[PDB]
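Undergrad: So I pulled this structure from the PDB, and the sequence comes with it:
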Amino acid sequence: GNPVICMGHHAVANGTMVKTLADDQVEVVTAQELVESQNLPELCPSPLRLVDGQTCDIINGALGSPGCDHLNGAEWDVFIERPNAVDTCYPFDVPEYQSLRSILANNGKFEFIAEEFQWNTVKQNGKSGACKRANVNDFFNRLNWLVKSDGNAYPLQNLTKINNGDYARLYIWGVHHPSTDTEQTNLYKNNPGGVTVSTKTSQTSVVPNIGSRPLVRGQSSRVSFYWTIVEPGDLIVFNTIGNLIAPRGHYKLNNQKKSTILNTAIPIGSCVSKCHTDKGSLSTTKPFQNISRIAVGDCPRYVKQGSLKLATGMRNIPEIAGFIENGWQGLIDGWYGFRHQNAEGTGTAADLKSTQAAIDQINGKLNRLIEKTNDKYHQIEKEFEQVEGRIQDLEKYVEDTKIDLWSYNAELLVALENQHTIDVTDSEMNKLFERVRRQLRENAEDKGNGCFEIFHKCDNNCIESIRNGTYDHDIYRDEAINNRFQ
Amino acid sequence: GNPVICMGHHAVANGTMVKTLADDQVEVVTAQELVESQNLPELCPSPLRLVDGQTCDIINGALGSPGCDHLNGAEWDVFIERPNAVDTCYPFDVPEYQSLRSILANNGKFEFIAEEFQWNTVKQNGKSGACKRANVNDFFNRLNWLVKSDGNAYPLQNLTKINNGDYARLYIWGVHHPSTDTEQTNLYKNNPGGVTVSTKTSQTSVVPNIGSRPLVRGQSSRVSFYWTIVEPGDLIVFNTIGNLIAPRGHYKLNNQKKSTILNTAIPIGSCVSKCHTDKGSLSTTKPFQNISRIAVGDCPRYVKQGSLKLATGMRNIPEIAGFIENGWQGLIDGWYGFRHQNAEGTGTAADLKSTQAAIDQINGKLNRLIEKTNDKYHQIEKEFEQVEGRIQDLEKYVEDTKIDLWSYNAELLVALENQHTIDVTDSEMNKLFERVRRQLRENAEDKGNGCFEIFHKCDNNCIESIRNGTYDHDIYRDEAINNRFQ
Amino acid sequence: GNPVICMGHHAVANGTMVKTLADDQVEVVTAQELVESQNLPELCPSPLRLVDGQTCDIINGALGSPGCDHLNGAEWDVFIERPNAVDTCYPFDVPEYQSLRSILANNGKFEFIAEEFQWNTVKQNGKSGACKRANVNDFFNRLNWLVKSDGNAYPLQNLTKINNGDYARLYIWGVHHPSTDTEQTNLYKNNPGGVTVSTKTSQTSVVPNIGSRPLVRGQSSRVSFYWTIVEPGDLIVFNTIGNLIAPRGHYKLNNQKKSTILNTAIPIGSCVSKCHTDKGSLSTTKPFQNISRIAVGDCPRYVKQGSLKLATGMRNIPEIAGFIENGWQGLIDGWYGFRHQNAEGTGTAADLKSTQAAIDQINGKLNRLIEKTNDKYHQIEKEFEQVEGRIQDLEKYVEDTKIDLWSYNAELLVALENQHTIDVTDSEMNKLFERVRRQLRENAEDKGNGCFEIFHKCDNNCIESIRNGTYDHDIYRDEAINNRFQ
Ligand SMILES: *[C@@H]1O[C@H](CO)[C@@H](O)[C@H](O)[C@H]1NC(C)=O
Ligand SMILES: *[C@@H]1O[C@H](CO)[C@@H](O)[C@H](O)[C@H]1NC(C)=O
Ligand SMILES: *[C@@H]1O[C@H](CO)[C@@H](O)[C@H](O)[C@H]1NC(C)=O
Ligand SMILES: *[C@@H]1O[C@H](CO)[C@@H](O)[C@H](O)[C@H]1NC(C)=O
Ligand SMILES: *[C@@H]1O[C@H](CO)[C@@H](O)[C@H](O)[C@H]1NC(C)=O
Ligand SMILES: *[C@@H]1O[C@H](CO)[C@@H](O)[C@H](O)[C@H]1NC(C)=O
């Protein structure tokens, strides 16, 4: 009625507050941050293929403006478009600009196929002071500025290109908008001009608009650019009586389009990462991130929270007594264990089976919190210089809606996991106590503080018999029953 | 101190692995597949109304092209549009094609109301070899091709129709685009022609475009189709000085539009199902499916996972002794039960109350997990032939976002439910053991293996008294206390 | 061997049914409603700034139609647009109506900056009987109707305005569409007219459409309105040969645009609320609401459910006897407690620390069950007069998708929380019973009904001694041991 065996668990000086369904804050021994809030100050050039547009945005790249030559033949997973990109060529606009930019970016290559267009009588290769290369008048190198002949002729043009190849063709073409009637006739004889470009099942017809626009690189006139996709088995017809800015060929479209574009001033570095934001690449295994909604590649999901801590250990209670409202700061080789008091003295030993059982159920969630990949490339635009109305409203609402739902998911997930982690570790403690209870049977009594009073002589070999489960109560039953009740 | 009663639970040789918050794989006695991964090879024409466009897509159906007669008067919940649909009439285009298609599909019927249009002087009922009907030159039968009089006159047209009914009217009309100036005047005298169609609050004006398009069904010319909706209390005015393809009347719009369209080659069968995918109908009560994101009617939610298994039973531990050990493959008449060994021999019996408690908390899930039915009809397009740019990017991103969120919900739901199912069945096992402990009082001791050693003689009818809760402990107390401590 | 101490919990005659993972309906002692299903019959003008359009919708307010002067200088968080608003001025349309309406509403102010436009030779300030102001012919007061000179001339207009300020400018301008060729030349001499408005990087060109349209306020002619945003450092050029409806200046755009518009007939009251629906303001702290998907401000999230009940107490079991059989309606000053029977009689007192522990885990739940915000202003349109096709389909699908996901989140959240609530309160009952058992040691036996049979003389400050944890077991031990076993 003297030796005592106590059951307990580890503890630390002070651990980490986490969140459960019950408490807003519970202290636990260990925990892990689930939100990545650090980013690299650069973009990683591998394993994804990045192409730097440099001074050239992707639209000026497709057109072949001065300064964009480095993009001829380029192929990318991610086109890196620079906010300080500048226009170097004839002033132009693109109706549905954003859609052409999307298509070009998503296609993922600039593979241009020259074609001979046998324009009739008109002069070709018109060039401009608004589009110099090294101070020589020039023009977009994928386009061909047609003007009237020396004999003051611009006949109806009528050229067909048939696609019997195995890829869809992208043709980019334009309409010139002069500033005066005199400019219109000086360039194209006819007034008005006009352009119709058609396939079997679609058509674009454009009438030029004559008028003064703001001066840009000395020019008040403009080009408007259009595009036409021609599928295998289809064909394209160019018709004009003036003002056509003609293609010199077509771009090849990939059947599968899986690339995208990222607009950012962040330099390309030397690191390795498959996740890129507009702030730079992330190098992380965390499931969430609060760095930017703009994220391309294999990325954590964007959430609003700055921090979410996942418990990776039991409730922490610091400070002859077992578990019951003390933890053992001295237990450092296990999660649970035995502390005893007999004739030879005292000792503390870790229990492996319960310790492993807790770890398995808690490092059970550490394999599946980290497995779904979220590998995403072409998405939607998510920031905007100026308001546009209905479509931008929807783009913004869709993204806001998505972020709020994932933020909620993240919040709920961690609270649920932590509640489960606490319940599991509390349960494993109780299971250890109950295991010992069953071993002792009638040879001991519950002291109420997580300890058993053992009513018989129990030396260190006997204590160990309890700890390793070889203790036979029958050996000590007579001795114990007699000491208990008399 | 000799008879024994043991508390246990059933088990089987081959269990099923499921997922919880803890383990990737916990074996349980029974489980249920929550993802439908099988489909029917056909579409079921009951209980929803399916209309098969056959060779006629819905736009050609509305126009009245040859081969679309079967659609006259049709009404549908789902219009089945065929990928092998073919054009059978004059080559045409529709600005905002996708939106007219959506409106026609969503409306759910072709109820055409003919109207007398008193066109002045111009000839009516133009026909074409490009649109033959039973080997005779003809035209879209909802449209009226107006051309100049024999006297070479096409006067300014000016007709009004007032909507004094109680439904909104859909008028479909077109503009013919000639290939040459000669054609333009041959047909319409004037050059240019022109069309304006207006109501009180809206207007559409179209100028014909003249030029060479690719030859289709013998024609380089084209018709462009437009539409105008006329609400009750409004009215429509048609003016033209040439090139008008006039309506013969209007379609009735339903006030409530709740139908849709499914593009698929899958045959319509003879089966019964309210859930249709582009791969065929589903016949299922599962809450999720991985067959296709394109799903109309009363359908499981589309998810990325191929399988999600819901535990419908307790942990499975194969291989007298109690539950601490293992389960009892011999217990086939309940979930929990008693196994005993006395002077008369052994035996195994089920406990109904514990079994039924567990089942109530599990099949309960099984009813509120196939929850409410996700009845959806007109949604958005989810497959595309070729990239379009901004709007298509958003449609794809919206769907991808939705699918990832539901896939996440499905994953978490099954793990949460499975964790609860295991917790409940574990709990019910313990409550049975604790029930029996309180019956036995001081007349028995815990053997540690889920069994009680009963310290008095206990025959098959004393055992039954324990199993059905009539055992009075005071009857045996003295004999038991005696055998225990002396 | 006959005093008894019982452990129990409270109960009530009438409780509330809630839903868990396990049960379709568990009755609990207390619960709360999480779905707000009541609204105020008015809009609260505090603390958000509401501006009532009254008879003017926001487009007519921007144009400066008669009756809209009250909106000059207005600033709003939410513009309240009335469905019975009426047109008071020249019949007009706006090609991208919804996008101008969005930009105006989102910008959040009408701050017009007048500019002098030195139009050349043309007459200014055209007025109309269709736009009377105080019963004299007038016009939109932000616009300037230019017509030909008395010399019968309309020379090319070519005016430039430079944005050298620090805010973006919104210019609203129009194009007049006459009804006959005679009207065209009567008003503008030239036929056709024409308008081009451009900046450095954008342009809009419009050809007027001539033709008969339904008479609206005596007019068959129309105006189409367009807009042009001019960033600081940019400039705008107006160029026309007739039919231009000229701006009188520009609206100031905020850099940060965070306001919105709510279309509703609901009157503005005198209450206080930061949540507004089209049905009226809400005054609630619930997390969810089923009143309307249209909700602006700091609002509960819209869900499909009419009711979701969150358990705020333990299970209700209504009706010597401990917690096993049932709870105690008589216990009205705590959640858990002791009931005894002595020599000196019977008695009930509540246990503090058990009651508190349960409340901390449950009150804890709902101060951050309703937590964050849902602070949303400019969103998307969610109700539509008539079908439009592709964009409207996507808007509706996006909102439907959102609502289903939040409705699922709410359902799961309440089921999970309620399960945890019931588990916690069951747990604390058991912890209480085990606390006492650990005190009594060998001086009592578990009667099986949540009570202990104490095997010794125990007076009322022996009973009290147990309740405040002072009870020393070895004081009575051998008295007890003796009546237990002999
Ligand atoms: C030129 O146009 C005519 C129709 O007027 C067409 O038949 C012919 O194929 C066209 N030629 C080319 C080279 O496109
Ligand atoms: C992301 O979280 C960190 C804290 O982890 C915070 O300092 C930072 O401001 C956050 N980023 C935001 C709010 O954009
Ligand atoms: C024809 O036009 C005149 C004026 O242009 C108009 O008064 C009349 O209502 C029009 N008739 C119809 C049937 O629209
Ligand atoms: C759907 O799931 C099954 C497994 O149940 C899988 O075999 C099939 O390929 C899946 N369908 C897909 C991935 O399209
Ligand atoms: C008018 O047009 C001329 C050229 O046509 C241009 O140089 C001038 O800047 C324009 N003036 C204004 C005020 O826009
Ligand atoms: C909202 O819920 C209440 C019940 O709480 C119900 O009576 C009301 O009809 C609901 N509103 C709807 C369905 O629009």
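TA: Noted; the coordinates are in hand. Numbers count the residues shown, from 1 in each chain, chains lettered A, B, ... in the order given. Ligands and ions are numbered 1, 2, ... in the order given.

Undergrad: which residue does the stretch 101-250 of chain A bring closest to ligand 4?
TA: Across the stretch 101-250 of chain A, no residue is closer to ligand 4 than residue A:106, which sits at 23.2 Å (Cβ to the nearest ligand atom). Just so you know, the C-beta spots here come from the backbone N, C-alpha and C atoms, and that holds for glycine as well.

Undergrad: what helix or strand does that residue sit in?
TA: helix A:97-107 (DSSP states H and E).

Undergrad: Can that helix be said to contact chain B?
TA: Yes: Helix A:97-107 comes into contact with chain B (Cβ under 8 Å from any Cβ of the partner chain), by way of A:98-103, A:106-107.

Undergrad: who's in contact with the residue of the stretch 101-250 of chain A closest to ligand 4?
TA: By Cβ atoms under 8 Å, 6 or more residues apart in numbering or on different chains, residue A:106 lies in contact with A:257-260, A:378, B:387, B:393.

Undergrad: which of these count as buried?
TA: Buried residues within the contacts of residue A:106, counting neighbours by 16 or more other Cβ atoms under 10 Å in any protein chain shown: A:257, A:259-260, A:378, B:387, B:393.

Undergrad: Would you point out the most distant pair within those?
TA: A:259 and B:393 (12.9 Å; Cβ to Cβ).

Undergrad: Touching both of those two, which residues are there?
TA: Both residue A:259 and residue B:393 are in contact with A:106, A:378, where contact means Cβ under 8 Å, 6+ apart.

Undergrad: Please report how far the residue of the stretch 201-350 of chain A found nearest ligand 1 lies from ligand 2.
TA: The minimum distance from the stretch 201-350 of chain A to ligand 1, using Cβ to the nearest ligand atom, falls at residue A:237 (5.6 Å). The gap separating residue A:237 from ligand 2 is 52 Å, by Cβ to the nearest ligand atom, to the nearest Å.

Undergrad: which residues does whichever residue of the stretch 1-150 of chain A sits closest to ligand 2 contact?
TA: For the stretch 1-150 of chain A and ligand 2, the shortest gap (Cβ to the nearest ligand atom) falls at residue A:37, measuring 3.6 Å. Going by Cβ under 8 Å, 6+ apart, residue A:37 touches A:289-291, A:306-307.

Undergrad: quick one: it and residue A:289, what's the gap?
TA: From residue A:37 across to residue A:289, the span is 7 Å (Cβ to Cβ, to the nearest Å).

Undergrad: Residue A:295 too?
TA: In terms of Cβ to Cβ, residue A:295 sits 7 Å off from residue A:289.

Undergrad: now residue A:65
TA: As judged by Cβ to Cβ, residue A:65 and residue A:289 stand 36 Å apart.

Undergrad: Then residue A:171?
TA: Applying Cβ to Cβ, the value for residue A:171 to residue A:289 is 41 Å.

Undergrad: With just CA atoms, put the helix holding residue A:106 into CSV.
TA: Extracted C-alpha coordinates of helix A:97-107, given in CSV (Å, rounded to 0.1, in the frame of the first residue of the first chain):
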residue,chain,number,x,y,z
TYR,A,97,-8.0,44.1,-77.1
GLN,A,98,-8.3,41.9,-74.0
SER,A,99,-9.6,38.9,-76.1
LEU,A,100,-6.7,39.0,-78.6
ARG,A,101,-4.2,39.3,-75.7
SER,A,102,-5.9,36.3,-74.0
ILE,A,103,-5.7,34.2,-77.2
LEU,A,104,-2.1,35.1,-77.9
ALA,A,105,-1.0,34.4,-74.3
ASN,A,106,-3.0,31.1,-74.0
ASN,A,107,-1.7,29.8,-77.3
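
Undergrad: Tell me the buried residues in stretch A:37-44?
TA: Going by neighbour count (16+ other Cβ under 10 Å), the buried part of stretch A:37-44 is A:39-40, A:43-44.

Undergrad: May I see these arranged in TSV, with distance to residue C:411 as well?
TA: Below are the buried residues of stretch A:37-44 laid out as TSV (distance: Cβ to Cβ, whole Å):
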residue	distance to residue C:411
A:39	37
A:40	41
A:43	42
A:44	42
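
Undergrad: and whichever residue of chain A sits closest to ligand 5, how many neighbours?
TA: Relative to ligand 5, the nearest point of chain A is residue A:212 (4.1 Å; Cβ to the nearest ligand atom). Using other Cβ atoms under 10 Å in any protein chain shown, residue A:212 has 18 other residues around it.

Undergrad: what do you get for the one 5 residues further on?
TA: Per other Cβ under 10 Å, the neighbour tally for residue A:217 reads 14.

Undergrad: check contacts around it.
TA: Neighbour list for residue A:217: A:90-91, A:129-131 [criterion: Cβ under 8 Å, 6+ apart].

Undergrad: repeat for residue A:51
TA: Contact analysis of residue A:51 by Cβ under 8 Å, 6+ apart lists A:71, A:74-76, A:78-80.

Undergrad: Neighbour-wise, give me the winner out of these.
TA: For the contacts of residue A:51, the largest number of neighbours (other Cβ under 10 Å) sits with residue A:79, at 26 neighbours.

Undergrad: Next up, identify which helix or strand that residue is on.
TA: Counting by DSSP H and E, residue A:79 is found in strand A:78-81.

Undergrad: what do you get for residue A:2?
TA: Under the assignment here (DSSP H and E), residue A:2 is part of no helix and no strand.

Undergrad: Check chain A and tell me which residue is nearest its centre.
TA: Central residue of chain A (Cα atoms, centre = their mean): residue A:299, 3.2 Å from the mean position.

Undergrad: Any residues of the stretch 201-350 of chain A in contact with ligand 2? List them.
TA: A:290, A:306-307 (Cβ under 6 Å from any ligand atom).

Undergrad: In ChimeraX, select just the buried ones from those residues.
TA: To isolate the buried members of these in ChimeraX, using 16+ other Cβ under 10 Å:
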select /A:290
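
Undergrad: In helices only, show me the residues of the stretch 201-350 of chain A next to ligand 2.
TA: Among those, none falls in helices (DSSP state H).

Undergrad: Of all residues in the stretch 151-300 of chain A, which one is closest to ligand 6?
TA: When scored by Cβ to the nearest ligand atom, the stretch 151-300 of chain A has residue A:293 as its residue closest to ligand 6, at 33.0 Å.

Undergrad: wait, doesn't that residue sit right on residue A:403?
TA: Yes: under the criterion of Cβ atoms under 8 Å, residue A:293 makes contact with residue A:403 at 6.3 Å.

Undergrad: Those two: which has the busier surroundings?
TA: Between residue A:293 and residue A:403, residue A:293 has the larger neighbour count (other Cβ under 10 Å), namely 19 against 16.

Undergrad: Identify the residue nearest the more buried one in space, chain neighbours excluded?
TA: Spatial nearest neighbour of residue A:293, excluding adjacent residues (Cβ to Cβ, 6 or more residues apart in numbering or on different chains): residue A:302 at 4.8 Å.

Undergrad: what's near enough to touch that neighbour?
TA: A:288-293, A:295, A:403, A:406.

Undergrad: Between the residues you listed, which sits nearest ligand 4?
TA: Ranked by distance to ligand 4 (Cβ to the nearest ligand atom), the contacts of residue A:302 are led by residue A:406 at 23.7 Å.

Undergrad: Excluding chain neighbours, give the residue nearest to the residue of the stretch 201-350 of chain A found nearest ligand 6 in space.
TA: At 29.0 Å from ligand 6, residue A:304 is the closest residue in the stretch 201-350 of chain A, using Cβ to the nearest ligand atom. The shortest distance from residue A:304 to any non-neighbouring residue, by Cβ to Cβ, 6+ apart, is to residue A:407 (4.5 Å).
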